[PDB]
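# need the 3D shape of this:
(chains A, B, C, D, E, F, G, H and I, ligands or ions: 7)
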Amino acid sequence: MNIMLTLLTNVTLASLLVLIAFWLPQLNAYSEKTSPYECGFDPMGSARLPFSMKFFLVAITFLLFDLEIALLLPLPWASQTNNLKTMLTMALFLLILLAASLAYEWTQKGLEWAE
Amino acid sequence: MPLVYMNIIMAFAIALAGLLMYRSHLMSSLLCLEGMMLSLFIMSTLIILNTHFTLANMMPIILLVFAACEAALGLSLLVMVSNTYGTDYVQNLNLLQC
Amino acid sequence: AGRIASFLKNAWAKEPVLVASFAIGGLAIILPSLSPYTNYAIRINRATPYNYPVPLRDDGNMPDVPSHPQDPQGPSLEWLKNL
Amino acid sequence: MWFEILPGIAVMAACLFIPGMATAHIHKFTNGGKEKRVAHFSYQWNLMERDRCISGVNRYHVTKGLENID
Amino acid sequence: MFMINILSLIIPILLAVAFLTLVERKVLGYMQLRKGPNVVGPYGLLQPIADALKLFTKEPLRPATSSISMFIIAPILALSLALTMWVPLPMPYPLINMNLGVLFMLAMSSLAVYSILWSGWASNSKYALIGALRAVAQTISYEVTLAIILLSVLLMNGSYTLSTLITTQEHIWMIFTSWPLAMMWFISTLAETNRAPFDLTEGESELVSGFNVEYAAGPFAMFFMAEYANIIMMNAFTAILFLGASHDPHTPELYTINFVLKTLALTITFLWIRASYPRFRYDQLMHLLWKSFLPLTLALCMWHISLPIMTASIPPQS
Amino acid sequence: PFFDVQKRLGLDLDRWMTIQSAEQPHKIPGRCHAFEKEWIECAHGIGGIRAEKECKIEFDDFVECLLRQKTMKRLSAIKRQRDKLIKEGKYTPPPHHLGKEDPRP
Amino acid sequence: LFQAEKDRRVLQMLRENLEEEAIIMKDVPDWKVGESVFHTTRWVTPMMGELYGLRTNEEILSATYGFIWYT
Amino acid sequence: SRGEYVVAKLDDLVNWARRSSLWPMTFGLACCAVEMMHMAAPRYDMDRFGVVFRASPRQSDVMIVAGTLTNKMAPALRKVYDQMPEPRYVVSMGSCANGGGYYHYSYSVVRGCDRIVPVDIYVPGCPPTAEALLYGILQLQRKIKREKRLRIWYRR
Amino acid sequence: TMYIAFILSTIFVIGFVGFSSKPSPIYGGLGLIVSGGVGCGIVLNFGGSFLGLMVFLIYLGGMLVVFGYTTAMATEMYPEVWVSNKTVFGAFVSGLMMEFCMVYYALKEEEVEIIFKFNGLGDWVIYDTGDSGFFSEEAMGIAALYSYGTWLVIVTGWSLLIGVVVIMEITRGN
Ligand SMILES: COC1=C(OC)C(=O)C(C/C=C(\C)CC/C=C(\C)CC/C=C(\C)CC/C=C(\C)CC/C=C(\C)CC/C=C(\C)CC/C=C(\C)CC/C=C(/C)CC/C=C(\C)CCC=C(C)C)=C(C)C1=O
Ligand SMILES: CCCCCCCCCCCCCCCCCC(=O)OC[C@H](COP(=O)([O-])OCC[N+](C)(C)C)OC(=O)CCCCCCCCCCCCCCCCC
Ligand SMILES: CCCCCCCCCCCCCCCCCC(=O)OC[C@H](COP(=O)([O-])OCC[N+](C)(C)C)OC(=O)CCCCCCCCCCCCCCCCC
Ligand SMILES: CCCCCCCCCCCCCCCCCC(=O)OC[C@H](COP(=O)([O-])OCC[N+](C)(C)C)OC(=O)CCCCCCCCCCCCCCCCC
Ligand SMILES: CCCCCCCCCCCCCCCCC[C@@H](O)O[C@H](CO[C@H](O)CCCCCCCCCCCCCCC)COP(=O)(O)OCC[N+](C)(C)C
Ligand SMILES: CCCCCCCC/C=C/CCCCCCCC(=O)OC[C@H](COP(=O)(O)OCCN)OC(=O)CCCCCCC/C=C/CCCCCCCC
Ligand code: SF4
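Numbering: from 1, shown residues only, chains lettered A, B, ... in the order given. Ligands and ions are numbered 1, 2, ... in the order given. Find the structure here:
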């Protein structure tokens, strides 16, 4: 409830700022002013053409490692268990497998951007 | 059954019908595939939290993990297809016939 | 042994970050099995009363079960008190 | 010299004082001059509900004691 | 009364953001042997007010090629999340006391990433697209490292509650306990807030103003306010997490003064770093986190899992 | 098809997680622990066919605890009748239901 | 102590709900007041609908969401 | 009158902010842009007055045309000027921008940027000293101070 | 009652209708992010704060990669939005109409679908009266992944490592 009210307040303040920005000043618009910016000359192509991503593999590895950290996040509560040895073994197992993934990709050149 | 479960199952059905009806892009179908697992996550956690099945609370996390593995696999296949054909269109995957 | 020393000296001159990472990880894996306080941590976790201690129905043959909390019978946390 | 930076830092610090002090004052104002009750668990919430029920004014912070039991 | 509290949290933060702009200009001026603003008001105290009035009385234009809906939403999202990040911070009493106050911070930061991406894409220009994709790579690297570092340090705490952080740091400092994680955390916060040497989303030298190149007047000021609010909020989080102030329940103003002083020290350190260092290359930023921080971060995570167990110092759950 | 390696080797790989009447952390009970226990004990050792024929009462109680369909039907019927009676002014809620009472601590 | 208070409060709300149900469902042709939906005679913990059903929205909301919304 | 007084105070507030927050676009063409760097330098710190260089024309209020404008560059100068949102001002610095300069009688040079854009201030010199450019900036600020947009509108 | 869970579920379905009408991967990701946040809200109301924040964070991270990939792999000259295309707008309107029809029928009467039977009553009604004490059941059950669930950790970690190997192998080429 309080968090919903806080989010509503923040969104309303930002929207009011946008509304004041777009309605208070004097406006003069013409085709030359609203043209896209490319340092004084016209753009040759379109900004919607495909843009090669040289780190496409690091992105996939990021997805996998992000869910690894999702697995790792509940560790502070896992430390209150009576099975401390089993908990410690499995935590270190997950971290060692994450390290193994990083080592494999690093040695197999997955961290190098495409040329 | 509450109406919340009805809405979650309806969202799953919508995301399933989205996947089965391709338009042109393979990425849009992958996004439909990711929505299905999100609805599965929400439905599973609603069922588990209501029933106080304490030991089943870890199941949605494993569900998310294998959703990530599927998304990674699909993105890898998408980059290979795009390298071969110039676009992620599904019309180019027509070399093999039934 | 000489090859090991040469490899370690080369790594410490080229990849000190990796040398430190492996040293810290190796110590983290090994030290808990040698520490005498792991059992103390387990005992401290077992000694936390998260839920209610439901009493037992006295059959008259339970000499090790206290009749009152302040009776001498029952677990003692005097070890944890001076720790 | 360098001490001409201080008035801006002073204004920024004065601005950062307002949120915390205001939250503390409003917490004490709406909880009878005491700290706002922290209820991180169902046990603490149930204690707050019982305090509301026994107060007789539908406010948990109105605390009752021996003069109320007898 | 809660609405009054929300206003008391919002408005002072915006004022602090304006005077942080002034303070940064003057600090950089004195580190560069200049003076900075001292003409507009007494010691340049009215400079932020003049700039804000000018920006909100200037004309905002929508580019002919832009997607107008996400062109407008992006500054709204940025500023709203910048103001939202402050609600769980204990100073010493949070506005909203959350059981998981740290995961809320992580989630809201990850959401606040998308304002840059959507403003860059909706602008429909090449420089904006380049800035957006630089943001993508930066978020990849800093996000993974930040999550692991937070996990370790909060593992020394016992839970994800920032008031519990205060109680933990009652006696000494988490920076004395875990200074290596403190260093990597500071660098990661720089990368997260897009501050020099990691100001790659808006890199003036390579890109002409980066992702907000097409933004003018009010909508640009919203991005500026959001960035500076994020800077202050991250420094406040760092101060709470590593430099724990003493708390007296009957006089909470002492904790507030200590917290504000530590936050200002960290923010001025951010400005100092910006004055001192060159700019990275975003591929080198990605290689820094993954090939240097991530191995040490994983090793320290293992160490800080094992250390409470091997020494019988596991923190209480509540 | 099913190779019961767990039963053969005495292992426990997922049988802990199969049911909610099993051992739970901190002895937290399930919502329908008693119903599930009764149904499992009834259906133990008689096979699927006889278990479905004969433990139907226990299973019906278990499903009722799980989904609460009959209870929601009764609650909805009572709510509809009360609303219909209030519409014509034939029913007056008591003060303890209108919020003019002091409950127990 | 809180266990005893909880038992007394729950039983009192159940009895009050039963009395109100008897008053309301008096003309319904096939309706027995207080009928259980379970075959077994074992005590079954009430859900929030059975307790805070014929009560004000304020009490309903406090019982169902007060803890979760309290921050 | 009350409305006259209110609009006078309002445009005084609006003119004060614009004159006190000037954001030139980083746009230098020739040797005159070195004197602009020296105006930015510690000796005549321009940031002290509230004058800050911005790279994007969308976030710029002043264009300091500092250097020789050629026929191959005039379209780009006009383009960035147009992409500057209003209100916007132009300061033409040095002989080459004011008129032709040393290159007046040339096939490749525009004889003054005022053939391309509306110029508000003309700073003479080859190159004008940093103090001369600073004087021109302050003169621009005083020119902004005399604007009465709301006062014209009220009587309009 | 306040019907907060029902309103959030409706917004969840709306976001699904959006990204399943499939305008273009940018707006598909936008709709998926909205649905993830709204589902986080739904499960926060039902009790699971960790699960809600975790799914929200995971989908925020996942959609960040999808933006970079659709910029590179799945972009065209004029990206399609919901009103830009006749097919996309038709599917979006069909989904919204279906959701509205089912919501109205459920609110007006106890709607039994051709698949499942649904009762129109309180999500607050379906809740449980009992409470825990001085710990979170969800947190303890999730933390039981390391004490219990040793097998799950093993299979999950093996799957993640093999996933790294697989993504490296698929994109090898040659
Ligand atoms: C083209 O070749 C050339 C080059 O090669 C490129 C060159 O190098 C050079 C030489 C030039 C250089 C070398 C320059 C290089 C220098 C640097 C890189 C460093 C210089 C410093 C900077 C660039 C920093 C720039 C920073 C800027 C511009 C920030 C300024 C912007 C702002 C201040 C706006 C944002 C702030 C805002 C919007 C404040 C908003 C605040 C609020 C809204 C708060 C108010 C809230 C409320 C609710 C109001 C209500 C409040 C109330 C009521 C409280 C009051 C109550 C009381 C009781 C008082 C030259 C000449 C050249 O030619
Ligand atoms: C700091 C962050 C928040 C910022 C909020 C706003 C800050 C600024 C507050 C003072 C503004 C003063 C008025 C400036 C208006 C723009 C000037 C302009 O366009 O002039 C040219 C135009 C000239 O009009 P014209 O008719 O002569 O021109 C015709 C067009 N041409 C130019 C082609 C010939 O001025 C006007 O149109 C005057 C309109 C009325 C001005 C007064 C109304 C606004 C009063 C503001 C009071 C404060 C509360 C409301 C505002 C929002 C804040 C809550
Ligand atoms: C009256 C307001 C009307 C409008 C409301 C709009 C809400 C929009 C978002 C819906 C989802 C979030 C709210 C769910 C309902 C409340 C949940 C609740 O009770 O939480 C308590 C919990 C309490 O925290 P806890 O985890 O400590 O709870 C356990 C402790 N007890 C039980 C004692 C409280 O709050 C949280 O955990 C905070 C989580 C917030 C998650 C927000 C996710 C969505 C973010 C969307 C950002 C949009 C930015 C703006 C974009 C604008 C673009 C133009
Ligand atoms: C390899 C080197 C590792 C170094 C690790 C430590 C780095 C420390 C970085 C500090 C940055 C501080 C920035 C903000 C400044 C705020 C100033 C301020 O208000 O100060 C007053 C504040 C007082 O306000 P306070 O209340 O916050 O301080 C006490 C806080 N409690 C007790 C709650 C933890 O600090 C002090 O006056 C004392 C500071 C130290 C407190 C910790 C206990 C004493 C430890 C002594 C041994 C130190 C050994 C190491 C020393 C040498 C290290 C190289
Ligand atoms: C950030 C949030 C802002 C939100 C909006 C609120 C705005 C708050 C109001 C800010 C007011 C700022 C006042 C500025 C004081 C001007 C300082 C003084 O120097 O100005 C003089 C006078 O300036 C103008 O004549 C008046 C400007 C200020 C008066 C504005 C009107 C009154 C402000 C109140 C708002 C208007 C409402 C009135 C009723 C409708 C001219 O000096 P100047 O030549 O430059 O200095 C040159 C430097 N030298 C001296 C070294 C050479
Ligand atoms: C746990 C890993 C074993 C899993 C095997 C799965 C099937 C095989 C698929 C590969 C997965 C693992 C690949 C990791 C090694 C591959 C990378 C490699 O070949 O080199 C490793 C590389 C060596 O460097 P160079 O080869 O010389 O290259 C530098 C040239 N200048 O560094 C390494 O050795 C890192 C190896 C993994 C790091 C973690 C080490 C694990 C040790 C802890 C014991 C693990 C036991 C698990 C139970 C844990 C109980 C607490
Ligand atoms: S006016 Fe003189 S100093 Fe300036 S650009 Fe021309 S030749 Fe160079």
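# quick one: contacts for residue 56?
Since you didn't name a chain, this refers to chain A. By C-beta atoms under 8 Å, 6 or more residues apart in numbering or on different chains, the residues touching residue A:56 are A:114, B:79, I:69, I:72, I:171. To be clear about C-beta, it is placed using only N, CA and C from the backbone, and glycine gets the same treatment.
# the chain in question should be chain G.
Applying C-beta under 8 Å, 6+ apart to residue G:56 gives the contacts F:97, F:98, F:99.
# what of residue F:98?
By C-beta under 8 Å, 6+ apart, the neighbours of residue F:98 are residue G:56.
# doesn't residue H:90 fall inside a strand?
Yes. Per DSSP: H, G, I helix; E, B strand; the rest coil, residue H:90 lies within a strand segment.
# number of residues surrounding it?
The burial count assigned to residue H:90 is 22, neighbours taken as other C-beta atoms under 10 Å in any protein chain shown.
# tell me the spacing between the closest residue to chain B within chain A and residue I:61.
Here the residue of chain A nearest chain B is residue A:67; by C-beta to the nearest C-beta that distance is 4.2 Å. Applying C-beta to C-beta, to the nearest Å, one obtains 8 Å for the distance of residue A:67 from residue I:61.
# OK, contacts around residue E:294?
Shown in contact with residue E:294 (C-beta under 8 Å, 6+ apart): A:102, E:144, E:145, E:148.
# ok, and the first one, which helix or strand is that part of?
The one in question is residue A:102. With the criterion set as DSSP states H and E, the secondary-structure element containing residue A:102 is helix A:84-107.
# same deal with the last one?
Per DSSP H and E: residue E:148 is located in helix E:126-155.
# now do the same contact list for the residue nearest to residue F:104 when sequence neighbours are not counted.
What sits nearest to residue F:104 in space, not counting adjacent residues and going by C-beta to C-beta, 6 or more residues apart in numbering or on different chains, is residue G:9, at 4.4 Å. Under the criterion of C-beta under 8 Å, 6+ apart, the contact list for residue G:9 reads F:103, F:104, F:105.
# looking at the residues you listed, spot the one nearest chain C.
residue F:105 (19.0 Å).
# what's the burial count for residue F:90?
When counting by other C-beta under 10 Å, one arrives at 10 neighbours for residue F:90.
# and if you look at the one 4 residues further on?
Neighbourhood size, residue F:94 [other C-beta under 10 Å]: 13.
# so it touches residue G:20, yeah?
Yes. Judged on C-beta atoms under 8 Å, residue F:94 makes contact with residue G:20 at a distance of 6.9 Å.
# related to what we said a few turns ago, and the gap between the residue of chain A closest to chain B and residue G:18?
Separation of residue A:67 from residue G:18 (C-beta to C-beta): 51 Å.
# between the two, which one's more packed in?
In this view residue A:67 and residue G:18 are compared by other C-beta under 10 Å, and residue A:67 has more residues nearby, 26 against 12.
# which non-adjacent residue is nearest that one?
Closest residue in space to residue A:67, ignoring its immediate chain neighbours: residue B:68 at 4.2 Å, by C-beta to C-beta, 6+ apart.
# for that neighbour, helix, strand, or coil?
Three-state call for residue B:68 (three-state DSSP): helix.
# from what I see, it and residue I:62 are in contact.
Yes. Taking contact to mean C-beta under 8 Å, the distance of 7.1 Å between residue B:68 and residue I:62 places them in contact.
# overlap in contacts of those two?
A shared contact of residue B:68 and residue I:62, defined by C-beta under 8 Å, 6+ apart, is any residue touching both; here these are A:63, A:66.
# chain F: helices as residue ranges?
Ranges of helices within chain F are F:5-9, F:15-18, F:33-43, F:47-54, F:56-67, F:69-87, F:95-98, based on DSSP state H.
# for residue A:62, find the nearest of those.
Each of the helices of chain F has some distance to residue A:62 by C-beta to C-beta; the shortest is helix F:15-18, at 30.2 Å.
# give me the contact status of that closest one with chain I.
Yes. Counting by C-beta under 8 Å from any C-beta of the partner chain, chain I is contacted by helix F:15-18 at F:16, F:17.
# ok, and does that helix reach over to chain A?
No. Figure legend: helix F:15-18 not in contact with chain A (C-beta under 8 Å from any C-beta); closest approach 12.7 Å.
# which of the residues in that helix are buried?
Of the residues in helix F:15-18, those scored as buried under the neighbour-count criterion (16 or more other C-beta atoms under 10 Å in any protein chain shown) are residue F:17.
# from the chain's centre, how far out does that helix sit?
19 Å (C-alpha atoms, centre = their mean, to the nearest Å).
# send the alpha carbons of that helix over as PDB?
Output of helix F:15-18 as PDB, limited to C-alpha atoms (Å, rounded to 0.1, in the frame of the first residue of the first chain):
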ATOM      1  CA  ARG F  15      11.100 -38.800  -2.400                       C
ATOM      2  CA  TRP F  16      11.600 -36.100   0.200                       C
ATOM      3  CA  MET F  17      10.000 -33.600  -2.100                       C
ATOM      4  CA  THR F  18       7.300 -35.800  -3.500                       C
END
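# what's in contact with it?
Under the contact criterion C-beta under 8 Å, 6+ apart, helix F:15-18 has outside partners B:55, B:56, B:59, F:6, F:22, F:23, I:148, I:149.
# just the buried ones among these, please.
Burial by neighbour count, judged by 16+ other C-beta under 10 Å, picks out B:55, B:56, B:59, I:148, I:149 from those.
# farthest pair in these?
Going by C-beta to C-beta, the pair spanning these furthest: B:59 and I:148, at 12.0 Å.
# nearest spatial neighbour of the residue of chain H found nearest chain G, skipping sequence neighbours?
For chain H and chain G, the shortest gap (C-beta to the nearest C-beta) falls at residue H:59, measuring 39.4 Å. In space, not counting the residues next to it along the chain, residue H:59 is nearest to residue E:220; the distance is 5.8 Å by C-beta to C-beta, 6+ apart.
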